[PDB]
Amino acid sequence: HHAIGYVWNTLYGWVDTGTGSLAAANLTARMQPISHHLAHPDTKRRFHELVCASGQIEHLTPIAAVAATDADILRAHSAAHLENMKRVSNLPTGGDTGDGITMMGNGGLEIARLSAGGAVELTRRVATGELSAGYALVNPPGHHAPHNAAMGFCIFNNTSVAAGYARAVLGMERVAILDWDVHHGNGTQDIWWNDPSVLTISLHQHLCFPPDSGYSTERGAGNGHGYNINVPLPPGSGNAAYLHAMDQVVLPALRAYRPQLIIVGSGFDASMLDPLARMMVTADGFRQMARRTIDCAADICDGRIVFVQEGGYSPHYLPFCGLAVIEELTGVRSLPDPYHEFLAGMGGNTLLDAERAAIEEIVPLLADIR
């Protein structure tokens, strides 16, 4: 009852995000090439390197990624999508996958399989009881990829591949995916839209990405009606809003649902220094969010909780946000956040009326979780 799994694969740091900023470089638009795309793998690699350099790695059980099979991927995705990803992976320089901001390098399907497979392998080992919990520091991310496409830097929906494995292979009847990446988990929402056996929750900045989704009225359909929960929050929301959302909506939803496994889509792009959103969460905020969620798992599903890396785009600060979560898993709290004092005076630590109201909009939906 205490052994914490940790997945990193070298190839997670070799994802080729190209020479553009977001979309590709384009001379006619006068978008100058740049060395580091916003989604460049160094951000997540720096998190891995801090896990090692901090000494946290000594308290973790390293777990090798095992490449996701076609069968694994097909539990979350269409055969057509999988076949299309094989095609672009073959291109001599890779290329965009569909949406104009989602570059796959040459041979990049290998990395996408290892990323989904890292989530699956950790899930397997936690669910069997070999491990009590873990963190899969994967790349590329997953939560934007719906059933039939790649989208928003995501090739396959890692957490959904892992949930599908938990359902079909491990025979779990109820799984929860809690996504706190600052962007709406539209892919995950899509995949399990009609399905009450995977409760999908997304805490995000309202309309940050994608532009047309993540409204509280998006609640699933058919037998899945009531088993998708969006918590859109306003720009500028910080630790107070995020913790109020955890206490009023997320944790009660999990307790109502009684999942046999909790998977956390753990992005750190809600951080105070992220370029790709406008939120004010600090490493201490993420710490408290993780502590609450792990304690919830202890109470309702024998501690079975798997964290899977989603987004986050500050190479400076993301490592300390991620380390705080790892420390809550290991219980070894051995390094300060060196930005703590600098960021703590910027605010986000008072629950504003507009933040409170956004969260309260979701509370009446809890009663529909049977």
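Basically, rigid core = biggest C-alpha set you can superpose within 1.5 Å across the two forms. In case it trips you up, residue 1 is the first one in the sequence shown, and so on.
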* Structure fact -> Of 90-98 and 267-275, the one with the larger RMS C-alpha deviation from the shown form in 7 other deposited structures of this protein, core-superposed, is 90-98
* Do you reckon 79-87 or 112-120 strays further from the shown form in 7 other deposited structures of this protein, measuring C-alpha RMS after a core fit? -> 79-87
* Mean CA B-factor: is it higher for 79-87 or for 129-137? -> 79-87
* **Mean C-alpha temperature factor, higher of 294-302 and 274-282** => 294-302
* Structure fact -> Looking only at 49, 310, 327, 58, the Cα with the top B-factor belongs to 58
* Between 99, 218, 181, 247, let me know which has the highest C-alpha B-factor in the entry? => 99
* To do: Divide the modelled residues of the chain into thirds by Cα B-factor and specify which third, lowest, middle or highest, holds residue 26.
  => middle
* Asked: According to the PDB entry, is the CA B factor of residue 314 in the bottom, middle or top third of its chain, that is, lowest, middle or highest?
  -> lowest
* To do: Within this chain's modelled residues, let me know which third the CA B factor of residue 346 belongs to: lowest, middle or highest.
  => highest
* **Entry-reported Cα temperature factor of residue 148, expressed as the chain third it lands in** => highest
* Among modelled residues of the same chain, the CA temperature factor third for residue 54 -> middle
